[PDB]
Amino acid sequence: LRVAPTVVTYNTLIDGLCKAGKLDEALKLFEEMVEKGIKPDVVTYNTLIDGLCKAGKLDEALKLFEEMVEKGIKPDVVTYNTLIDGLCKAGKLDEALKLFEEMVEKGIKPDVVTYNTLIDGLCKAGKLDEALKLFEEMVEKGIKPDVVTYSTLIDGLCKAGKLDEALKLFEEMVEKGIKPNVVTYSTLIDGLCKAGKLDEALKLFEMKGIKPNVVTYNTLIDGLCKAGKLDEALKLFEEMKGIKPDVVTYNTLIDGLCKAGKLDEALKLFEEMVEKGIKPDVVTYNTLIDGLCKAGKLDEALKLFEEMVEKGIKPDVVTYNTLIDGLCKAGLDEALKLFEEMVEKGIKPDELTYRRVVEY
């Protein structure tokens, strides 16, 4: 191997490890390169900063930003976009809108991605009419709205129940010549399904030839289970081909079948999951722990939760919130014992976590 390894090799390696998901491996290269005479650059800082935001170490991300500036490695548009996205997705919207101000004070033009990144945050922050302002502002600066832009607004409008305006934006997109893709059509197929418009969802799935992927089939499967067509969704899972089901496919059906009472069927799909080399994440165990609790069967729910940690999947706010619920409803001290444990392990409690225990 060793030709002098560049910065670009360490930058490829560090990104690769960041996604994913051995972040601790990544940062020891970052050290190992600086001790070797190889100086990290703007892209080396941006990689790690995005790695650390995805792994939810946002506060540790801004440490590295501080460190770049100190070094006189200037943060560029990308560094700022990584930060603006990371802050939105950790719920720091107004922090993120600060950096949007600061970018311009430093002579950095905001981007197509910067506007996309912020229109997304705005939409997900229940602020649609600000999202549509930022969309008016790109055009004012002739930054061409693209397929990620339109797909985001459409998602936005659907998730606010504003379905017939999403449809109206999909039309506009095409006559304006930005072509939809699998993600466009599959947000819309998410829309229509969530508005009880299953026929319409399937009629959009027919899409030019955009090849549906596993997400579009998970949309329809979830659409079918919620509408109570469990065997039409077991059919589509068969299916109407070449798409390998993944972990969400099984969770969606595991939930559908739990809700229905078909706990036999579900658990065999959960047993089938692992035979086919699809590891059960935190949501598979969540979905069942709920099903078992609400079916009155709190013993087996707890079995599953112990087994969770016999395996490697670490619990969740949902895990604890669900068991908290079921434990209290199962006629308190243990519910409260789970709550202490949730604080030691490192998970932060949410409103419901509080709302339940209290309401003692």
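Residue indices: 1-based, along the sequence shown.
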Task: Size class of the missing deposited segment between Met207 and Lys208 - done: 1 to 3
TODO: Between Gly331 and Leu332, determine how many residues of the deposited chain lack coordinates; answer none if the chain runs continuously, otherwise 1 to 3, 4 to 9, or 10 or more.
DONE: 1 to 3
Open item on the list: Which is higher on mean Cα B factor in this entry, 280-288 or 172-180?
Closed with: 172-180
TODO: Can you let me know which of the two, 266-274 or 78-86, has the higher average C-alpha B-factor in the entry?
DONE: 266-274
Task: Which of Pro40, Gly51, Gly296, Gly312 ranks first by CA B-factor in the deposited coordinates - done: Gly312
- [ ] Consider only the C-alpha atoms of the modelled residues in this chain, order them by B-factor as the entry records it, and name the third containing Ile143: lowest, middle or highest.
- [x] middle
TODO: Within this chain's modelled residues, let me know which third the CA B factor of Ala55 belongs to: lowest, middle or highest.
DONE: middle
TODO: Please rank the C-alpha B-factors of the chain's modelled residues and tell me whether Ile243 sits in the lowest, middle or highest third.
DONE: highest
Task: Assigned third (lowest, middle, highest) for the C-alpha B factor of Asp190 - done: lowest
Open item on the list: Using the temperature factors of the C-alpha atoms in this entry, rank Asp120 within its chain: lowest, middle or highest third.
Closed with: middle
